[PDB]
Amino acid sequence: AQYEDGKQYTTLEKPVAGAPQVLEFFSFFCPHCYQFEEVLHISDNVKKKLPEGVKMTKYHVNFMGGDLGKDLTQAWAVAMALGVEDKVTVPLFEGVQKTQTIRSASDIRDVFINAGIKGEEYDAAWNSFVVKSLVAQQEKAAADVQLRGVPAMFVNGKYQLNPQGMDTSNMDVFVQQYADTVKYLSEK
């Protein structure tokens, strides 16, 4: 076929019932994730090609960067609750990987402050039990799929994207192949 298990995707031998339709995992510590976000805009180009009525979910993971890694997952829980993912994603990536000015929860906090979320609203969010369960979800979803590497995309709890089996000579072409694969898996 043109799309083959083991080639552009792999199949989970232990399918995950009730999973989000399109599920993406990343880490602000993850160099390929930086690329996926800053250079490739994967999540975006995938959305542009998904059918109508299909929700897209992105979670942070704990297994990179030790203590700051977990802090980053709580902060992403806060980003999700306040709906400010789009105002902090880039400064968080650049703060961890480019300028290396993120070294503590407080530095993470500064990014939100500078992005215009108010201190009181961030600290309130940070400590809320809505954020606790939202952290819990991110962890449970990662756990459900045996996740040990990022970036990672899962479709309908059954399929996992395999970008290692896609041409990388041209970045534009890489994205489209990637996005088209998600759309294929989507319709499966």
Side-chain angles (χ1 to χ4, degrees), residues 20 22-50 55-119 121-123 125-126 131 134-143 145 147-155 160-164 166 168 170-179 181-182:
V22 173
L23 177 52
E24 200 173 336
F25 294 98
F26 80 108
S27 170
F28 285 109
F29 278 99
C30 160
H32 280 125
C33 305
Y34 190 106
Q35 292 292 304
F36 263 43
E37 167 69 23
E38 298 291 272
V39 191
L40 300 180
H41 309 278
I42 295 289
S43 307
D44 197 72
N45 279 279
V46 168
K47 203 211 236 212
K48 296 208 288 72
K49 277 200 174 166
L50 297 178
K55 90 170 317 290
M56 214 151 160
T57 310
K58 171 139 71 190
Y59 290 156
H60 198 273
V61 298
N62 289 341
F63 63 75
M64 298 192 79
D67 212 275
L68 243 200
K70 288 209 80 194
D71 273 327
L72 281 164
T73 304
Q74 196 164 341
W76 188 247
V78 173
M80 280 183 299
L82 300 178
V84 295
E85 298 92 320
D86 286 358
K87 311 186 190 182
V88 300
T89 285
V90 165
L92 287 168
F93 263 120
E94 294 192 348
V96 180
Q97 295 188 49
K98 200 195 188 190
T99 59
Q100 285 179 3
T101 45
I102 296 183
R103 301 174 228 98
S104 62
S106 180
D107 297 330
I108 293 175
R109 185 175 183 275
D110 291 339
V111 165
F112 283 73
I113 297 283
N114 184 60
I117 295 82
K118 302 163 178 174
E121 186 182 16
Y122 177 93
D123 302 347
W126 179 270
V131 154
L134 225 44
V135 162
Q137 285 171 226
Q138 293 179 87
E139 296 180 15
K140 169 182 202 303
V145 296
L147 182 72
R148 76 179 106 149
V150 286
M153 192 173 297
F154 294 85
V155 177
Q160 179 183 348
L161 273 286
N162 176 41
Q164 253 296 131
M166 302 173 178
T168 49
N170 178 297
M171 306 173 101
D172 294 316
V173 174
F174 171 70
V175 178
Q176 292 285 45
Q177 179 172 10
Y178 194 106
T181 303
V182 176

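Scope of the values below: all heavy atoms of this structure, side chains included, with no hydrogens, waters or symmetry mates. Residues: numbered from 1 along the sequence shown.
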Looking only at non-hydrogen atoms, find the nearest pair between [X] and [Y] and report the distance.
{"X": "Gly95", "Y": "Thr99", "result": "CA-OG1, 3.7 Å"}
{"X": "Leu82", "Y": "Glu121", "result": "CD2-OE2, 4.1 Å"}
{"X": "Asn170", "Y": "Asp172", "result": "OD1-N, 2.8 Å"}
{"X": "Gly119", "Y": "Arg109", "result": "CA-NH2, 3.4 Å"}
{"X": "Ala81", "Y": "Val131", "result": "CB-CG2, 4.4 Å"}
{"X": "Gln97", "Y": "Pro31", "result": "OE1-CA, 3.4 Å"}

Test side-chain hydrogen bond (donor to acceptor under 3.5 Å, both in side chains) applied to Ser43 and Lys48, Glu24, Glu85, the passing residue: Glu24
So, taking the atom named [atom1] in [X] and the one named [atom2] in [Y], what distance separates them when rounded to the nearest 0.5 Å?
{"X": "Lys98", "Y": "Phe93", "atom1": "NZ", "atom2": "CZ", "value": "14.0 Å"}
{"X": "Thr181", "Y": "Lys49", "atom1": "OG1", "atom2": "NZ", "value": "9.5 Å"}
{"X": "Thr73", "Y": "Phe63", "atom1": "OG1", "atom2": "CZ", "value": "9.5 Å"}
{"X": "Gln176", "Y": "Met171", "atom1": "CD", "atom2": "CE", "value": "13.5 Å"}
{"X": "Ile113", "Y": "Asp107", "atom1": "CD1", "atom2": "CG", "value": "12.5 Å"}
{"X": "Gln177", "Y": "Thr168", "atom1": "CD", "atom2": "OG1", "value": "10.0 Å"}

Heavy-atom donor-acceptor pair, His60 side chain to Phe28 backbone, under 3.5 Å: yes
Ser27 side-chain N/O to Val61 backbone N/O, donor-acceptor pair under 3.5 Å: no
Does some side-chain heavy atom of [Y] sit less than 4.5 Å from a side-chain heavy atom of [X]?
{"X": "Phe29", "Y": "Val150", "answer": "no"}
{"X": "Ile42", "Y": "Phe174", "answer": "yes"}
{"X": "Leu40", "Y": "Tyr178", "answer": "no"}
{"X": "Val182", "Y": "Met153", "answer": "yes"}

Donor-acceptor pair between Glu37 and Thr89 side chains, under 3.5 angstrom: no
Pair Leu72-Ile108, side-chain contact (heavy atoms from CB on, under 4.5 Å): steps then yes or no: CA-CA 8 Å; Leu72 281 164; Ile108 293 175; 3.6 Å; yes
Identified ring-ring contact (aromatic ring centres under 6.0 Å, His included) counterpart of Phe26 within the set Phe36, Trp76, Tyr59, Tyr34: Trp76
Candidate pair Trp126 and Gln74, rule side-chain contact (heavy atoms from CB on, under 4.5 Å), full reasoning: CA-CA 7 Å; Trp126 179 270; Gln74 196 164 341; 3.4 Å; yes
Residue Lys70 excluded, over 12 heavy atoms near NZ under 6.0 Å: no
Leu161 vs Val155, side-chain contact (heavy atoms from CB on, under 4.5 Å): CA-CA, chis, key distance, verdict: CA-CA 8 Å; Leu161 273 286; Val155 177; 4.1 Å; yes
Criterion side-chain contact (heavy atoms from CB on, under 4.5 Å) on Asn114 and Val111, from CA distance to verdict: CA-CA 5 Å; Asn114 184 60; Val111 165; 5.9 Å; no
